[PDB]
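To start, the structure under review is shown below, and the notes come after it.
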Amino acid sequence: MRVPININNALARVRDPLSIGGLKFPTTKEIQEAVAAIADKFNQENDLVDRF
Amino acid sequence: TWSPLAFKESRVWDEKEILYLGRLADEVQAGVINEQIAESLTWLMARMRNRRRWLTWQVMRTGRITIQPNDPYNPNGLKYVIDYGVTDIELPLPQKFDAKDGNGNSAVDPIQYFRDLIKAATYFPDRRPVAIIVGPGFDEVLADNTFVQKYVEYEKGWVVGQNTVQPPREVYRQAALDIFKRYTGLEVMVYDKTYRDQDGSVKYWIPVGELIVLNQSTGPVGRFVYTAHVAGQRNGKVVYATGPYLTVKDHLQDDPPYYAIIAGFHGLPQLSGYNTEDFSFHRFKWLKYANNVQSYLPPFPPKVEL
Amino acid sequence: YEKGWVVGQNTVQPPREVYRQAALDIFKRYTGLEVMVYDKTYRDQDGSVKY
Amino acid sequence: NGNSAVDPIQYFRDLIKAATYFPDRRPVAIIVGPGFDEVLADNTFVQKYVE
Amino acid sequence: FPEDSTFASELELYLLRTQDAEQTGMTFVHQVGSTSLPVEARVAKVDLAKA
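Protein chains in written order, with the deposited numbering: chain A, 1 to 52; chain B, 104 to 409; chain C, 257 to 307; chain D, 206 to 256; chain E, 53 to 103.
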């Protein structure tokens, strides 16, 4: 059961809308994005007994 | 005498859930609960395969299968003791294999223990073991005890004062299982899959410190057999079906509209080959061989909860 | 003596299985006898199997 | 006699074992500047491995 | 450390993390005769990060 999310739009809509706080003018910047999968790899089904 | 069991469980989806479901960041139509019910269908399928494997693991583990109202996945509380009548389910070890007294001296001898099990099951030609299926690090218990070290040192000639200085423990465990297999003949299988229980700590399927023993051959110990459930009136009369079923129900016209999926099955494992002259059943046995095996194992990562 | 061992300089301690695999052979070879093993049994009236 | 403190081969072997399930951490290579054999030749556990 | 160069003056990274649910559970047990009961609930999680 995954969260019903679109990762591209959610990953694009975190970037700040206006947010001039630092230098009192908008700076130049570069942004790279990456997602990550998280699972428990060590929860494996008990494949032994169906063989028997 | 033999008699099956029954299993069933349900879902539901109300009107607010079917009508309102959008994606979390995209802006789309009402079409997400269609994709959402398919995961519940697949989850009920895997949820039934887990009870097949659970019943069969329970009969291999304890011989009997025991259901009781304290169980997690039992709301009904149906108490059951289905005693399959395994004669001697466990093998006695008063002092375990990794039990040392004094200064490095061990207590018992594993290779000799399986040797006189084979010898004292001579004229019972069905109690005489063939294979072992042990999961965790088992070579270390063969590598630290006294007698199997003395057998490796007998075989490789490595007397400590004259041939070589002292071999490391790693050189012991890289051949201890092989000399064990050669001096007994029990083909040892390994099965090291794991399940994450509610502690958050990884445990193997074969528990550490225990090994199973098959008693006549490696093969099917009986079978798991389903029985028939109800499917309704193909022509005018009731015609059954046999496997695990899964039923969907539309109530999207009713007040309020809802939607429910129901799956379940009927079945129970059966032990086919019994003894004839006596009514015994010596086909698989357990034994707990050591106590401190987790210290021989690498640690496991925590579950990321983010 | 017959196999070429010593408990200090060739092997550590040979197991009992090698002793019983070689003992009947060296018994036949030293004594010059002939061993006819005979294993057939009969039930007693007490249920106990007896040779 | 010269029985040292830490067996370095067992030390790095324990670092490789205790990062079996942490594959980002399990070390692979090692850079050392000065004379490094001048310490391994003066370590009793390493000398026993050599013997 | 190799050399690369950019005409811009800041670099930020956005990392998103996703923990889908695992299909645990076991089918409930009832006697032939009875109506069914519903299963439990579970949760998946999504987090983010900046640089």
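Ideal Cβ positions, reconstructed from N, Cα and C, are used throughout, including at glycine.
Indicate whether at least one CB of chain A lies closer than 9 Å to the CB of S61/E.
-> yes
Start and end of the alpha helix (DSSP H) containing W157/B?
-> 136-165
Beta carbon of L127/B, beta carbon of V98/E: below 9 Å?
-> yes
According to DSSP, residues forming a beta bridge with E408/B = Paired residue(s): none; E408/B is not in a bridge.
Measuring alpha carbon to alpha carbon, tell me which of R152/B, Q301/B, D300/B ends up nearest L371/B.
-> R152/B
In whole angstroms, what is the alpha-carbon distance linking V305/C and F227/B?
-> 14 Å
At least one CB of chain E closer than 9 Å to the CB of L147/B: is that the case?
-> yes
Given that a residue counts as buried once 16 or more other Cβ atoms are within 10 Å of its Cβ, and exposed if not, what is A223/B?
-> exposed
With distances taken between CB atoms, is the gap from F241/B to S209/B smaller than 9 Å?
-> no
Residue ranges of each beta strand (DSSP E) run of no fewer than 3 residues wholly in the region 224-308 of chain B, ordered along the chain?
-> 234-236, 290-292, 297-299, 305-307
Are three or more beta carbon pairs between the region 194-201 of chain B and the region 378-390 of chain B nearer than 8 Å?
-> yes
Is there at least one Cβ from chain B nearer than 9 Å to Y216/D's Cβ?
-> no
Cβ neighbours of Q336/B in the same chain (closer than 8 Å, five flanking residues each side left out) | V342
Would you report the Cα separation of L158/B and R15/A, rounded to the nearest angstrom?
-> 52 Å
Name the one or two DSSP bridge partners that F110/B has.
-> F368/B, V81/E
Rounded C-alpha distance that separates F53/E from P404/B | 31 Å
Thinking C-alpha only, which one of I235/B, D212/B, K406/B, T165/B is nearest residue 53/B?
-> With chain B covering 104 to 409 only, the question about residue 53/B has no answer from this structure.
Answer with yes or no whether the minimum CB distance from residue 257/D to chain B is below 9 Å.
-> Since the first and last residues shown for chain D are 206 and 256, residue 257/D lies out of range.
Residues in the region 296-314 of chain B with C-beta within 8 Å of chain E's C-beta atoms, listed in sequence order?
-> none
When DSSP builds the beta bridges, which residues end up paired with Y361/B?
-> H354/B
Within 9 Å (strictly less), CB to CB, does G325/B reach chain C?
-> no
Buried or exposed by the 16-neighbour rule on C-beta atoms within 10 Å, applied to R285/C | exposed
Neighbour list for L89/E in chain B, Cβ cutoff strictly below 7 Å | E112, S113, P178
CB-CB under 7 Å to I185/B, same chain, minus the five flanking residues each way: which ones, in chain order?
-> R167, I168
Less than 9 Å separating the beta-carbons of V274/C and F283/C?
-> no
Chain B partners of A223/D, CB-CB under 9 Å?
-> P401, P402
Return the CA-CA distance between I140/B and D229/B, expressed in angstroms with no decimal places.
-> 50 Å
Flag this pair as touching only if the region 258-267 of chain C and the region 341-358 of chain B have three or more C-beta atom pairs under 8 Å; answer yes or no.
-> no
With DSSP collapsed to three states, give me the class of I315/B.
-> strand
What is the DSSP secondary structure of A36/A, counted as helix, strand or coil?
-> strand
Give a yes or no on whether 9 Å exceeds the smallest Cβ distance from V268/C to chain B.
-> yes
Applying a beta-carbon distance threshold of less than 9 Å, which residues of chain A neighbour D72/E?
-> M1, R2, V3, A37, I38, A39
Rounded C-beta distance between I31/A and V407/B? I'm assuming under 8 Å.
-> About 25 Å separates the two Cβ atoms, so there is no contact after all.
Is there a Cβ from chain A that is less than 9 Å from the Cβ of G376/B?
-> no
Identity of the residue in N318/B, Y298/B, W160/B nearest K41/A by Cα = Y298/B
Assigned secondary structure, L11/A (DSSP; H/G/I helix, E/B strand, else coil) = helix
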